[PDB]
**Q** 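The structure is given below, and queries will be raised subsequently.
Just so it is clear: chains get the letters A, B, ... in the order the sequence lines come, proteins before strands, and each one is counted from 1. Heavy-atom basis, side chains included; hydrogens, waters and symmetry copies ignored.
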Amino acid sequence: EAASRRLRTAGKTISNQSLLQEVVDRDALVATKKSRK
Amino acid sequence: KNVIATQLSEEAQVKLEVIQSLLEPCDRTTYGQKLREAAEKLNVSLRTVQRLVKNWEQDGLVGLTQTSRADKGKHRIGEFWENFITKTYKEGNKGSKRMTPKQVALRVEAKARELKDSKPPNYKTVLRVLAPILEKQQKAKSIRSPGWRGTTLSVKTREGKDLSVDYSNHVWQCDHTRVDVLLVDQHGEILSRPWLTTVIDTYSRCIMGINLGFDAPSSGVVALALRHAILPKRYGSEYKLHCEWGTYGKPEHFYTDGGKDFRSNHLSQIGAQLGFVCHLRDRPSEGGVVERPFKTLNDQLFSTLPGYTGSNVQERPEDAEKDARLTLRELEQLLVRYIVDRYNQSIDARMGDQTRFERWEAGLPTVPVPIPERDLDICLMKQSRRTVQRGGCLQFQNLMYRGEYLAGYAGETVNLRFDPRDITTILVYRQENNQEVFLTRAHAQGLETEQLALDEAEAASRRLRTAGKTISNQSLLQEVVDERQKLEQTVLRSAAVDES
Amino acid sequence: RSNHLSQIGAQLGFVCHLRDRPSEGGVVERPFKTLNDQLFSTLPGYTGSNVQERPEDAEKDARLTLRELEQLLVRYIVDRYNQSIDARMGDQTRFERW
Amino acid sequence: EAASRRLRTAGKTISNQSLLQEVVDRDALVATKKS
Amino acid sequence: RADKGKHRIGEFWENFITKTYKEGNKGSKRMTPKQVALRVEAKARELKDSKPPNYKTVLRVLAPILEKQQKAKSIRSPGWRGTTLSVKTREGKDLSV
DNA sequence: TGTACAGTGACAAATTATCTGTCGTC
DNA sequence: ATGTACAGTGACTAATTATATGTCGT
DNA sequence: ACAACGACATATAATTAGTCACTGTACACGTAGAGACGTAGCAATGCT
DNA sequence: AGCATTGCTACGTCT
Ligand SMILES: [Mg+2]
């Protein structure tokens, strides 16, 4: 358990807040594409 | 052999509690007298209680419970008809035939009429007999594979040899997938789904480069992926990336799907010129380090984009061609942002300790040499067993050529290297001391005011000759310059060399 | 929707009508599946009703010719399909209801 | 129950003799197949 | 209890989850709950909300919606019965047979 | 020892619906 | 009011037959 | 001694095998094949 | 004289 809790705590350490920028700007791009008709 | 009792029922608990109430020891003459309470408690004679004691003292909780019957799972139709059913079904489902239990029952009834059997197996009897077979072949369909664990890994090759993966850049992989996105030209008609070809570092599970484009799986595609994989990266401020795709440098191996471009001469020339060894994949599963990222990337990216096309024809969503809206100059930016700002920083699925990126930078055996860009653009495609003319001149694919230093040589076997995207010039090579040595750079006769590609010159030679035109570089060039692939190629014309 | 067929109808004496949608066609769409299940699936080289379902060796097992498949399909229709009960009626075989 | 039983008992009287013999003859034909 | 089947994330998040999944599955887009939860994470961070819903809640929010979208595949047609029959022409004229 | 991500079971933490007391005149 | 209709299913029921019971037994 | 395992013949009941009325579900043109890169057929356009 | 090289066409064969 305590060994597996190392893997869990290590994975959870990611500074993910800089990684979210992809998702919101990908959607913003797709919403910027209006259809041809 | 240990066997444990399970599904202890209420009646078994009733039977157990009286057994426990007589597990308390006493003299045998009162033992045979205190157990009399069981008689009405079980509504049965003490001779059954003596039998129950004989079971429990012999068998514990397992024999205290009632068994299944001896005929459970035994079919009273007998071995002939149970053989007949399982014979008929398995032979009826060999190869591409797919007989079903209903079709089997018709065979049973047919054979019974021949046998004059008064009472052949009913269809539901025939269906019952096959239920074990259907279930056993169902479970055989979905068995999970463990996958590798920890840092140690080795990759099986079609050679039979198994090759360990020891450090970052020890073994790269590639394959191509058809992207599940319909995307469109400028202003935008539907075109068709592109191909994606990726380089994956088998140690870090990292991803050093991709080529995305409408081009079919071809050695020029693989070469342009390696041209991306191997070079240092610089992406323009128009991407607004947060992270830098710092993976570069060269492989010691290239382990790959056995596609015809991966088996090509051109790539083998790259293997010799860059020092990696091409290794073939045995079966698709061994590729999983690159097969699976298509699944990962389909799920986390393409499925969210307007032109998504589903994982199969049978799942193909009908709006895909109704509102496909990206061009590849956007799909590139989406895919590149997904890799560099997310996927590079994503955790490696069986290390946990670090990102995909850090298992590359910390795992490579030593800092690789960043090669000159022009050197890979000297690792062009080459042609051999051709000959130089007895003059200052040359030929290639019905083009005609000049060369500055060729006049010092008589007509002799020559080797030559060319950019298929800029066949305006060739680099020429000689076999001095059994080693390749430069002759000269060379040019098509009089060609300087414009530039030419190989694919359009090849197509022009077809319309050139079939019209009976006099064959020359002069006339061939006109048939280049006098459409689906035109739209596709002029999309791919959008390139970072104009933007960096 | 061809002129040829509409001209046959005018000659032979029937009007040509089109269904709204395939569901309204079920009376004709269904015998295919009764053929698909009860005939084509039990023959060498059955190709499976879908790309996700083609047998792994349909091309390897492929051996029937057009004259042979027709000679079976006619035995199926004459001795079997038309002799089955009409599924609305239960009492009448499809030919006796004709 | 009676409506069903009459409907069912009608269906039971239909002879499969043709519908059955074609089944073994289809296999006896296909038994000649080799790739 | 009166609370069974009703979530505690509240009216704003119950909508935002279901809004985001609904827009992500029109056209050929096929945004699954995980991508919604990843949007929820992004939304809370930009909302400055310190307690975004967990992916298990987001999957439980959509579970009835997913089942309603599933049931539509199964709905059976009664069919015609007995002797009387007609066929539906696209002219709109039911031709008796 | 293919790969590995989205979905799911079994459970703990937290919330909170509501149902169980000792009670008061009815 | 009504797409089609066959193969597979469930929920019993008739027949089989494995084996639990009650008395005697030594 | 008499409470221990037999010797039943007969119930007891849990197995299978069979009857039916329901119902889900595919029938709706559709993957054989595009598109690369050989080993091997070829012509040709040169020339000594 | 001699072939000798050069630019197509299969017929797979693979993804
Ligand atoms: Mg491949």
Side-chain angles (χ1 to χ4, degrees), chain B residues 28-29 31-32 44-45 47-48 50-51 54 66-77 100-102 121-125 127-128 145-150 152-156 175-176 205 216-219 257-266 283-293 295-296 299-300 313 349-350 385-387 395-398 411 461-462 465 471, chain C residues 21-34 36-38 49 51 54 59 87-88, chain D residues 4 8, chain E residues 1-3 8 32-34 55-56 59 73-74 76-82 84-88:
Chain B
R28 196 65 60 184
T29 57
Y31 200 98
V44 285
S45 62
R47 184 63 185 107
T48 72
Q50 195 181 57
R51 286 168 169 146
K54 186 58 172 189
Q66 277 268 273
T67 70
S68 55
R69 303 179 92 225
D71 66 334
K72 191 164 198 167
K74 318 300 168 62
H75 296 289
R76 301 176 182 177
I77 67 185
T100 53
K102 233 302 175 184
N122 169 280
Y123 165 49
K124 203 165 174 58
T125 307
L127 206 185
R128 281 180 227 283
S145 286
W148 283 79
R149 56 85 203 107
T152 293
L153 171 63
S154 78
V155 292
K156 173 73 175 193
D175 193 13
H176 338 274
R205 272 59 169 264
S218 312
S219 311
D257 194 41
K260 302 294 299 204
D261 52 349
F262 296 127
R263 299 181 72 169
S264 67
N265 289 186
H266 180 196
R283 297 182 183 182
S285 317
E286 286 68 21
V289 185
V290 69
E291 312 296 279
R292 181 56 159 92
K295 170 68 162 59
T296 302
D299 296 353
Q300 294 201 345
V313 161
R350 72 191 75 255
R385 73 260 171 89
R386 299 320 204 81
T387 69
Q395 70 293 334
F396 186 51
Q397 309 217 137
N398 211 6
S461 300
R462 307 307 193 115
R465 287 186 293 90
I471 55 168
Chain C
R21 258 155 47 266
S23 313
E24 288 69 20
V27 176
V28 61
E29 303 292 16
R30 181 53 199 239
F32 297 152
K33 196 177 177 192
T34 304
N36 209 312
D37 297 345
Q38 304 187 6
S49 63
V51 60
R54 307 206 310 144
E59 303 88 349
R88 294 155 217 250
Chain D
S4 302
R8 169 61 178 144
Chain E
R1 296 155 62 94
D3 217 26
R8 299 180 178 169
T32 38
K34 174 71 83 162
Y55 166 69
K56 258 294 196 176
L59 184 60
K73 286 89 181 184
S74 197
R76 188 171 195 270
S77 284
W80 277 83
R81 293 289 303 205
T84 292
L85 175 60
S86 74
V87 296
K88 177 64 155 60

**Q** Using the purine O4'-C1'-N9-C4 or pyrimidine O4'-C1'-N1-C2 torsion, is I/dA1 syn (within 90° of 0) or anti?
**A**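 Here the answer is syn: the torsion falls within 90° of 0.
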**Q** With the 90 degree cut-off around zero defining syn, does G/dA20 come out syn or anti?
**A**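 For G/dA20, whose glycosidic angle is more than 90° from 0, the conformation is anti.
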**Q** Whether C/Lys33 and C/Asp37 form a salt bridge (side-chain N of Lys/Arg under 4.0 Å from carboxylate O of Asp/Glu) is what I want to check.
**A**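 So C/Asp37 does not pair with C/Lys33 through a salt bridge.
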**Q** Please determine whether a side-chain nitrogen or oxygen atom of B/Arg462 lies at a distance below 4.0 Å from atom OP1 or OP2 of I/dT9.
**A**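 For B/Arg462, the contact criterion (side-chain N or O under 4.0 Å from OP1 or OP2 of I/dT9) is met.
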**Q** Requiring both pairing distances under 3.5 angstrom, list the stems that contain DNA chain F and are made of three or more consecutive Watson-Crick or G-U pairs.
**A**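 Stems (3+ consecutive pairs): none listed.
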**Q** Which part of the nucleic acid, if any, lies within reach of B/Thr29 when heavy atoms closer than 4.0 Å are counted: base, sugar-phosphate only, or nothing?
**A**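 If one applies the 4.0 Å heavy-atom cut-off, B/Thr29 turns out to touch nothing in the nucleic acid.
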**Q** Mind checking the P distance from H/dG24 to H/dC29? Whole angstroms is fine.
**A**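 Going atom to atom, P in each nucleotide, I get 25 Å.
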**Q** Using Watson-Crick or G-U wobble geometry with both distances below 3.5 Å, tell me the partner of H/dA7, or none.
**A**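 Looking at the geometry, H/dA7 pairs with G/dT23.
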**Q** Does C/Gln38 place a side-chain N or O at less than 4.0 Å from the phosphate oxygens OP1/OP2 of G/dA5?
**A**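 C/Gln38 to G/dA5 OP1/OP2: no side-chain N or O under 4.0 Å.
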**Q** Taking only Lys NZ, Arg NE, NH1 and NH2, and the carboxylate oxygens of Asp or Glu, determine whether E/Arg1 and E/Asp3 approach each other closer than 4.0 Å.
**A**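 So E/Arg1 does not pair with E/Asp3 through a salt bridge.
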**Q** Please classify the nucleic acid contact of B/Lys74 as base, sugar-phosphate, or nothing, using heavy-atom distances under 4.0 Å.
**A**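 The residue B/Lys74 makes sugar-phosphate contact but no base contact.
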**Q** Does any N or O donor sit under 3.5 Å from an N or O acceptor when you compare the side chain of B/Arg149 with the base of F/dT1?
**A**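 Yes.
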**Q** List the protein contact pattern of nucleotides 4-9 of chain H with one symbol per nucleotide (5' to 3'): B for base contact, S for sugar-phosphate-only contact, - for none; contact means a heavy-atom distance under 4.0 Å.
**A** BBBBB-
**Q** Remember a base hit wins even if backbone is also touched, and classify E/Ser77 as base, sugar-phosphate or nothing at under 4.0 Å, heavy atoms.
**A**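 Base contact.
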**Q** Please determine, for H/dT31, whether a Watson-Crick or G-U wobble partner exists with both distances under 3.5 Å, and give it or none.
**A**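 Pairing partner, where one exists within any strand: none, as none qualifies.
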**Q** For Watson-Crick and G-U wobble pairs within 3.5 Å on both distances, what is DNA chain I written in dot-bracket notation, | included for inter-strand pairing?
**A** .||||||||.|||||
**Q** Please pick, from G/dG22, F/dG7, G/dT19, the nucleotide with the shortest atom-to-atom distance to any side-chain atom of B/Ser45.
**A**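 The closest nucleotide is G/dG22.
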**Q** Does B/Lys124 place a side-chain N or O at less than 4.0 Å from the phosphate oxygens OP1/OP2 of H/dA17?
**A**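 No, no such contact exists.
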**Q** I'd like to know if B/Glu286 pairs up with B/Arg283 as an ion pair, taking the criterion as any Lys NZ or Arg NE/NH1/NH2 lying under 4.0 Å from an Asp or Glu carboxylate oxygen.
**A**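 A salt bridge is absent here (no side-chain N lies under 4.0 Å from a carboxylate O).
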**Q** The side chain of B/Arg263 is closest to which nucleotide in this list: H/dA17, G/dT4, I/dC14?
**A**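 My answer, after comparing the listed nucleotides, is I/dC14.
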